[PDB]
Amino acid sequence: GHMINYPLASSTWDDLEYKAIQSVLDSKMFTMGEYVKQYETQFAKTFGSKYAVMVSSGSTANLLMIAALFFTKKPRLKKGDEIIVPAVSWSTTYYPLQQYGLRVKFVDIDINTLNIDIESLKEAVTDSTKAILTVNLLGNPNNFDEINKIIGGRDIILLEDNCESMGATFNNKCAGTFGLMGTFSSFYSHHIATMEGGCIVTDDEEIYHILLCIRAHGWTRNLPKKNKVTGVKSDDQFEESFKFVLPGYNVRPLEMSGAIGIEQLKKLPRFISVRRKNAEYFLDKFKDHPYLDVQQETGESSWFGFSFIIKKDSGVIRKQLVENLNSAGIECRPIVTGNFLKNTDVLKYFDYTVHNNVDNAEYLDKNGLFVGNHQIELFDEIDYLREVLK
């Protein structure tokens, strides 16, 4: 089976977005400008954060997020610092840690939530832990309350990779706003899509400043006269426009993406709505499934897609399932990357350690799968899927 009728991805666009590109074309201004800024403003508003910075991708968002910590007047991070992460996530969640010389401490996930295992996190955290980098998997937010209990008020930075859970909420607060900084992705087929695109949110003005700076050449052009980076900008452009203060990058997003994001954000409430209705329907259909477990929701998940974990001693073979789905026209993939720890070749480059074991991650790596969720009603696709997975 190779004929796909129930795909993982689909378009979130309509006329409005095409018109938006048009507006850009007419403007003949393609470099990051007005729209990006407007986009950022609404973005922060939408999620309930003070600041938001748009970047080229969710991956680059992650990059700047980590980097930023090295540049505070009083650097918040230092080479060799210990950072805790879950064993399951996207590759670019981990790379920047390596690229910045951090010591990475891996923590197993919770088999029901798919998020970091709270119990293990409990023990994993020590006096050496400088930061915790959480990942809201597949739309499901982490239990921040519990996380917070662990920190117990210490000076441990909390960070969030919210690339898969835009719109998710916990305790009424938007996922991605819990940490010092939160990242998002607007890549094709995410809660929203801007072709390629990412964002970083924060309530910290210094960090905010740093970001603006590191996003583009390490210059002061995007900074305000009075800023937390250089204090006060010289009034001499010949000089001013040509000074570099931080070792940054060029990860500016395109104006087009910004203009598109604007249209997309307006639709967000509806997208979340549909996705959630679909999930409700799904949970109901798969409630007592004989050999598959579904993701256990925390707070209000933005249900990026649907995960399945073959029940222990169910004798079910992932391979057949997959075959079966495909033959039926259902597209499927591993749960993200599966157990990240399997990537031995890339790990060679990391300075890392594993807390305890990553048993659950290993199980998932072998018995997990996932099908798409859309901002479109999938009742019928769901009935069929249930039919197939008998």
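Start at 1 and count along the sequence shown; that's the residue number.
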* Select between 267 to 275 and 236 to 244 the stretch whose C-alpha atoms have the higher average B-factor in the entry. => 236 to 244
* Asked: Looking only at CA atoms, which has the higher mean B factor in the entry: 285 to 293 or 100 to 108?
  -> 285 to 293
* **Out of 183, 172, 92, 301, highest CA B-factor residue** => 172
* Asked: Whose C-alpha has the highest temperature factor in the PDB entry: 188, 249, 308, 219?
  -> 188
* Asked: By the record's CA B-factor, is residue 28 among the lowest, middle or highest third of residues in the chain?
  -> highest
* **CA B-factor ranking of residue 215, expressed as a third of its chain** => lowest
* **Record-listed C-alpha B factor of residue 351: chain third** => lowest
* **Where the record places residue 344 (Cα B-factor, split into thirds across the chain)** => highest
* To do: Pull the Cα B-factor of residue 147 out of the PDB entry and bin it into the chain's lowest, middle or highest third.
  => highest
